[PDB]
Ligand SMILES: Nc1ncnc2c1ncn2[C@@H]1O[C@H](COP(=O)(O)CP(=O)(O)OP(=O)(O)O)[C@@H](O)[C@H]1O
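What follows is a single chain, given as structure tokens, in the form solved without this ligand.
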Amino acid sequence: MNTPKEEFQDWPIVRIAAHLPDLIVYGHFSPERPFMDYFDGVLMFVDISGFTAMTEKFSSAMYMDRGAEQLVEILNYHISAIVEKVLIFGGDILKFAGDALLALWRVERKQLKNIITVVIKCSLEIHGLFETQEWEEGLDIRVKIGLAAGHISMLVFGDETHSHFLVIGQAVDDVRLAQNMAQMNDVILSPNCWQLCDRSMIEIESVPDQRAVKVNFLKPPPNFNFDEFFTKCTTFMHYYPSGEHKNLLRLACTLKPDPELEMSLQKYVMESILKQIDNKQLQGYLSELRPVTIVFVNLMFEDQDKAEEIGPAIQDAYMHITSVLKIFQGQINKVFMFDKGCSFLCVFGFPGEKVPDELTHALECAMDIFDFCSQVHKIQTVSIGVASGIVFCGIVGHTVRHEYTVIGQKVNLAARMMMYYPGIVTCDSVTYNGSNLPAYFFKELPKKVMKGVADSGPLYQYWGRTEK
């Protein structure tokens, strides 16, 4: 009998799993919300703000109304190269959030030392991709890398139709702190990463006023062979593609239909992505330069990285947020930690989600969220930034690992406003002027220089309907 080759496997379940890390795809978690798990690992934070900063040049008339298509193409070309490096070195891309790619090597505590070596090599090879790189004006197609190691907590929250996950804890805080110290082309190690690493592998430089360190070179001992070392490390990598499947970038490329698993996984993916996955919408429909309102919600906790107390509080906040956004087809695009606060990136006006009077609705939704979350047990401070304008939306990443992402000056502005004007609902001039709500519902704010934004325009506090 003939032996014809297996079909290229591109079942819906495989297409869904492209949008999710192995942490979720193979997690088999309890249905309970919140769900908390605890493990150890090495985190890599790749700052791709240098790539995402391209949204401005692609809004130019030079791109002839194909700005979004051109942007997604060049962003994915460069980001795919980073993704392939992380996956080949055995990492799990957790999230494309906060103009960064966050990757995880989950390993038993005893193996952290050897895995840091693998992750440092990976980090240097990432930098090596962009060594002879430019874009005919600026050479700043480069990245910054922060690494951390240690205890990691995972939170899964949501309801019966939607699920979100977050990683929590000191190593999560550390990796963001480490990447923030990095200059372009740097690999910075968190204090605990430096303490846990194989110091015989690396030459470091002190970081002024910091216990974090900078990797100058990976200079291994004489009898060292990275390939044999890597092979030894794969013993501890549960999902590294191997044997029959060593030619695939992810084990998840081999996932077979399984309705109970697909029911679980689809809850992490928004419905317009699932429409595309089901071949019920054109594959290019979600790549667009679209006017939206960003409502960026930051929740601060006293117990800044203790999953047992912050997990219920986030789930409580989520249940209210989701109820508020449902009314106006608002979506939660991303949730992630920033300086130990939990941030919800909410978007009004996604494709096919429109709704007229988007601005006044966005403000009223923000105030509703503000008032409710301020009374949630263990939430110390709520801050909300509201900014409106043209943003890039689209699926960013590699074919085998990508996520729907919103990028733009107005996303960064709403994020910076919630940090620089804590404890209040703030909005930009577009939102203030467009809302047509009476002027005394707002307070014109002092101008703050916010790192990443120049120049914000007049900013306002949404005070609300009454003097209160």
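For clarity, a rigid core is taken as the largest C-alpha set superposing within 1.5 Å between two forms. Residue indices: 1-based, along the sequence shown. Only residues modelled in both forms are compared.
Modelled in this chain, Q133 is nonetheless unresolved in at least one third of the other entries of the protein that span it on both sides. The question of which stretch, 437-445 or 66-74, has the higher mean Cα B factor is settled in favour of 437-445. On average the C-alpha atoms of 306-314 have higher B-factors than those of the other stretch, with 157-165 and 306-314 being the two compared. When the C-alpha B-factors of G389, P208, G397, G385 are ranked from the entry, the top spot goes to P208. Highest CA B-factor among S287, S200, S123, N333, as stated in the entry: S200. When all modelled residues of the chain are sorted by CA temperature factor, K219 is found within the highest third. Among the modelled residues of its chain, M417 has a C-alpha B-factor that falls in the middle third, as given in the PDB entry.
In the deposited entry, the Cα temperature factor of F51 places it in the highest third of its chain's modelled residues. Placement of the Cα temperature factor of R142 within the chain: highest third of the modelled residues, per the deposited record. In the deposited entry, the Cα temperature factor of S30 sits in the top third of values across the chain's modelled residues.
This next part talks about the form deposited with this ligand bound, which is not shown.
With the site C-alphas superimposed, the ligand pose in the deposited bound form sets this ligand onto this chain such that three or more atoms are within 2.4 Å of backbone or C-beta atoms; a blocked site results. A single residue from the set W105, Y318, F336, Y268 has any heavy atom within 4.5 angstroms of this ligand in the deposited bound form; that residue is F336.
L345 is the sole member of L345, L325, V156, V382 with a non-hydrogen atom within 4.5 Å of this ligand in the deposited bound form. The closest heavy atom approach of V406 to this ligand in the deposited bound form falls within 4.5 Å.
In the deposited bound form, no heavy atom of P458 sits within 4.5 Å of this ligand. The shortest heavy atom separation between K451 and this ligand in the deposited bound form is within 4.5 Å. With a 4.5 Å cutoff on heavy atoms, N433 does not count as touching this ligand in the deposited bound form; it lies far away. Judged by heavy atoms within 4.5 Å of this ligand in the deposited bound form, the contact stretch among the candidates 422-430, 44-52, 435-443, 28-36 is 44-52. Taking a 4.5 Å heavy atom cutoff to this ligand in the deposited bound form, the contacting residues in 90-120 are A97, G98, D99. Superposing the rigid core between the shown form and the other one leaves a single residue from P422, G50, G27, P34 with a C-alpha shift of at least 2 Å: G50. Between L20 and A53, the Cα distance is greater in the deposited bound form than in this structure, by no less than 3 angstroms. Between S429 and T52, the C-alpha separation shrinks by 3 Å or more in the deposited bound form, relative to the conformation displayed. Taking a Cα shift of 2 Å or more after superposition on the rigid core as the cut-off, the stretches of three or more consecutive residues that move between the shown form and the other one are 49-53, 139-142.
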